[PDB]
């Protein structure tokens, strides 16, 4: 089917409301969808699929076409080798952390995503990258910030990608049995997500802005009254 897929609805906000279901979805890539997968997405009435991937990723893994669903792609970024040097100075843990540091500020992809979600007529939307975990992690976190979800609850939704990671780790060990005794928690830094990555994205926000509200105003021109309006539309 479709991997790492979930509705952001049901998350609690700091003001006591809950995000409405059926408006914001996130997933991993949408290539080689079955006709049943297409039926699911059509029955959810999704209007836009928002793709964070690079030109090369989209060329190698084109999304399946769905009648009546419009696709918008804007790149949000500018295995054996990763495993060996995983924790070294220039290794994959440090490099992925650095990617998260660079994601939330001056991002043309997230700016377009926020522009889309500012109008109810554009919803429902689905946002995805390749694994649905890093670029979609920060983009979905931004949606949740706009909606008023706490950092603790943003982190919980972010870490849900580790269920997909567990399946990806098993798939990888089938491909390369020589790594069957690498600690699974170590492979999760590559195939999954970790609190430090999202904390690095938060830290960039906090270094640049005194509050999440200031960040949303500075990066997306979302003033307080506009945030109030969106919350009244999208929360129950």
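Positions refer to the first chain, counted from 1.
K.L.:
Enter the number of deposited residues without atomic coordinates between residue 78 and residue 79, binned as none, 1 to 3, 4 to 9, or 10 or more.
P.N.:
Gap size class: 10 or more residues without coordinates, per the record.
K.L.:
Per the entry, where is the mean C-alpha temperature factor higher: 126 to 134 or 162 to 170?
P.N.:
Averaging CA B-factors over each stretch, the winner is 162 to 170.
K.L.:
Would you mind comparing 23 to 31 and 61 to 69 for me and telling me which has the higher average C-alpha temperature factor in the entry?
P.N.:
The deposited B-factors put 61 to 69 ahead on the C-alpha mean.
K.L.:
Using the temperature factors in the entry, find which of 95, 117, 154, 146 has the highest value at its Cα atom.
P.N.:
95 has the highest C-alpha B-factor of those listed.
K.L.:
Can you tell me which of 196, 51, 206, 56 has the highest Cα temperature factor in the record?
P.N.:
When the deposited C-alpha B-factors of 196, 51, 206, 56 are compared, 56 is largest.
K.L.:
By the recorded C-alpha temperature factor, relative to the other modelled residues in its chain, which third is residue 108 in?
P.N.:
For residue 108, whose C-alpha B-factor we compare with every modelled residue in the chain, the answer is the middle third.
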